[PDB]
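Chemist: My sequence and its experimental structure, below.
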Amino acid sequence: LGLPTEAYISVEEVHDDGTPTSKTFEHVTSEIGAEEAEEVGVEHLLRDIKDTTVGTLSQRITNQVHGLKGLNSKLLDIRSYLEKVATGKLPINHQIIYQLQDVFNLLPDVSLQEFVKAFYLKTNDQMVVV
Amino acid sequence: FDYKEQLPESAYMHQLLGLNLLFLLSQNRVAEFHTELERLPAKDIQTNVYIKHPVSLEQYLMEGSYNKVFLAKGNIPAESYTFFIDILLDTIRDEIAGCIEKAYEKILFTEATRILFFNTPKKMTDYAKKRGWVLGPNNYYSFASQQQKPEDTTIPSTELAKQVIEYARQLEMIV
Amino acid sequence: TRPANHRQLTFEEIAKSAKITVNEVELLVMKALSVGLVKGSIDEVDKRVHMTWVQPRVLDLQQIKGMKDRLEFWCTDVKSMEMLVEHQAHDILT
């Protein structure tokens, strides 16, 4: 569950919110790409343990299960950090925390009548084709 | 029934069959009522009074001629008939209380008593106690809690997910 | 303070909370949207204000505890759904 890289950078700031400043390590998004030669080598190496490219229903359902598992793991990590903050083992950030609050605000809010009707319409429209 | 071919048949046989029909009608076992009624030859369906009375009363109950049932209660040819006629009257009263329950959305005590055929408000109060009909602020029994409109707001989500996963299973199954 | 589901705010409630006349709530909510503090919408016929709030807020230990138990409920729901999907699609999973 997750990529094997985590790129970190050094940031020196004043923190704005009246807190002591330190070297720390700011985070930068990381992703694993490849070039033509490395891609060819990888494809040759993993030609015996590679899943077929194409959305076979088996692989789609497995991916969805994997995404549910990843969501559960991320939520568990967030909950553990929240428990640590509440118990005081770790400091209340005062930042990023309100990022979690924004996440909780962005919840879909299903069971609204209009959305329910639209979603039923879409489900029936797909089921007729099925 | 089994030994009609030798044993003689008495008018007491009609009387007992009619009593059985009345018992079945009173116990609301209408399906069993008709199942038993099929046994009797069609000739005695209308000829014999003992079975005609239960059949007539059941027919009246079929088309909601409940006042007809109450008025015809006096056609009883035997006291044993009268006992089960009282039981049938009680059953019809329960069914009428329902009738006000499910169809109507609200009712009033003054008109509800007439609908349920109660000559004393104490009987309707007992029904409110025995059947627990919620009284209204303006003395209007409320049945709105019965019909309701559930399941029209929340998507099942999980059940249809199971159904779609079943579709995928039946698709990718090798067999 | 809203339960995050009944996000619609009645005009009377906002008038009482902010001690603003009935007609002042429209302008108050409009200013709140304008400066960049709320990203909702306002309805006049029903006198209810749709709320979609993007501006974050500082938290308190009790608020953090509430958020933590709510996230615990969320993760339990996610785990239950994952288990249901996995068990129902064991043959197709592979």
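Modeler: Sure thing, it's come through. Numbers count the residues shown, from 1 in each chain, chains lettered A, B, ... in the order given.

Chemist: Not counting its neighbours along the chain, what's nearest residue A:68?
Modeler: In this structure, residue A:68 finds its nearest non-sequential neighbour in residue C:82, 3.9 Å apart by Cβ to Cβ, 6 or more residues apart in numbering or on different chains. In short, each C-beta sits where N, CA and C put it, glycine included.

Chemist: go on, residue A:113?
Modeler: Excluding the flanking residues, the one nearest residue A:113 by Cβ to Cβ, 6+ apart is residue B:153, at 6.9 Å.

Chemist: Quick check: the one you found vs residue C:74, distance?
Modeler: 21 Å (Cβ to Cβ, to the nearest Å).

Chemist: likewise residue A:130?
Modeler: For residue A:130 relative to residue C:74 (Cβ to Cβ), the value is 31 Å.

Chemist: again, but for residue B:113
Modeler: Distance from residue B:113 to residue C:74, by Cβ to Cβ: 54 Å.

Chemist: How many residues are close by residue C:48?
Modeler: Neighbour count for residue C:48, taken as other Cβ atoms under 10 Å in any protein chain shown: 17.

Chemist: Helices of chain C, residue ranges please.
Modeler: Under the criterion DSSP state H, chain C contains helices at C:11-18, C:24-35, C:61-88, C:90-93.

Chemist: for these, which one sits closest to residue A:73?
Modeler: Closest approach to residue A:73 among those (Cβ to Cβ): helix C:61-88, 9.3 Å.

Chemist: list the buried ones in that closest one?
Modeler: Within helix C:61-88, the residues scored as buried using 16 or more other Cβ atoms under 10 Å in any protein chain shown are C:64-65, C:67-68, C:71, C:74-75, C:78-79, C:81-82, C:85, C:88.

Chemist: Tell me who's in contact with the closest residue to chain A within chain C.
Modeler: Relative to chain A, the nearest point of chain C is residue C:56 (3.0 Å; Cβ to the nearest Cβ). The neighbourhood of residue C:56, defined by Cβ atoms under 8 Å, 6 or more residues apart in numbering or on different chains, consists of A:98, A:99, A:101, A:102.

Chemist: Kindly report the same for residue B:87.
Modeler: Residues counted as contacts of residue B:87 (Cβ under 8 Å, 6+ apart) are B:26, B:27.

Chemist: That one - that's part of a helix, no?
Modeler: Yes. Assessed with DSSP: H, G, I helix; E, B strand; the rest coil, residue B:87 lies in a helix.

Chemist: check contacts around the residue nearest the centre of chain B.
Modeler: Compute the mean C-alpha point of chain B, and by Cα atoms, centre = their mean the closest residue is residue B:28, 5.0 Å away. Counting by Cβ under 8 Å, 6+ apart, residue B:28 makes contact with B:91, B:95.

Chemist: In three-state terms, label it for me.
Modeler: Look at residue B:28: counting by three-state DSSP, its state is coil.

Chemist: where's it relative to residue B:95, distance?
Modeler: 8 Å.

Chemist: hmm, back to that, among the helices of chain C, which is nearest residue C:42?
Modeler: Residue C:42 lies closest, by Cβ to Cβ, to one member of those: helix C:24-35, at 5.3 Å.

Chemist: residues of that closest one that come out buried?
Modeler: C:25, C:26, C:29, C:32, C:33.

Chemist: Stretch B:46-61 now?
Modeler: By neighbour count on 16+ other Cβ under 10 Å, the buried set for stretch B:46-61 is B:48, B:50, B:51, B:52, B:53, B:54, B:55, B:56, B:57, B:58, B:60, B:61.

Chemist: Which of those sits closest to residue C:3?
Modeler: For those, the nearest to residue C:3 is residue B:61 (51.7 Å; Cβ to Cβ).

Chemist: check contacts around that closest one.
Modeler: For residue B:61, the contacting residues are B:25, B:69, B:92, B:95, by Cβ under 8 Å, 6+ apart.

Chemist: how about a cut-off of 6 Å?
Modeler: Residues counted as contacts of residue B:61 (Cβ atoms under 6 Å, 6 or more residues apart in numbering or on different chains) are residue B:69.

Chemist: One more: residue C:25?
Modeler: Counting by Cβ under 6 Å, 6+ apart, residue C:25 touches C:11, C:14, C:15.

Chemist: quick check, nearest of the residues you listed to residue B:86?
Modeler: Distance to residue B:86 across those (Cβ to Cβ) is lowest for residue C:11, with 61.9 Å.

Chemist: Leaving out chain neighbours, which residue sits closest to that closest one?
Modeler: residue C:47 (3.8 Å).

Chemist: quick one, strands of chain B?
Modeler: Using DSSP state E, no strands are found in chain B.

Chemist: What residues of the longest helix belonging to chain A count as buried?
Modeler: Secondary structure assigned by DSSP H gives helix A:57-87 as the longest helix of chain A. For helix A:57-87, the neighbour count (16+ other Cβ under 10 Å) marks A:58-59, A:61-62, A:65, A:68-69, A:71-72, A:75, A:78-79, A:81-83, A:85-86 as buried.

Chemist: Nearest residue to residue B:49 in space, please, no chain neighbours.
Modeler: Counting by Cβ to Cβ, 6+ apart, residue B:49 lies nearest to residue B:77, which is 6.0 Å off, once chain neighbours are set aside.

Chemist: For the one you found, give its distance to chain A.
Modeler: Remark: distance between residue B:77 and chain A (Cβ to the nearest Cβ, to the nearest Å) = 60 Å.

Chemist: So which residues on chain A come close to chain B?
Modeler: Proximity of chain A to chain B, by Cβ under 6 Å from any Cβ of the partner chain, involves residues A:57, A:58, A:61, A:111.
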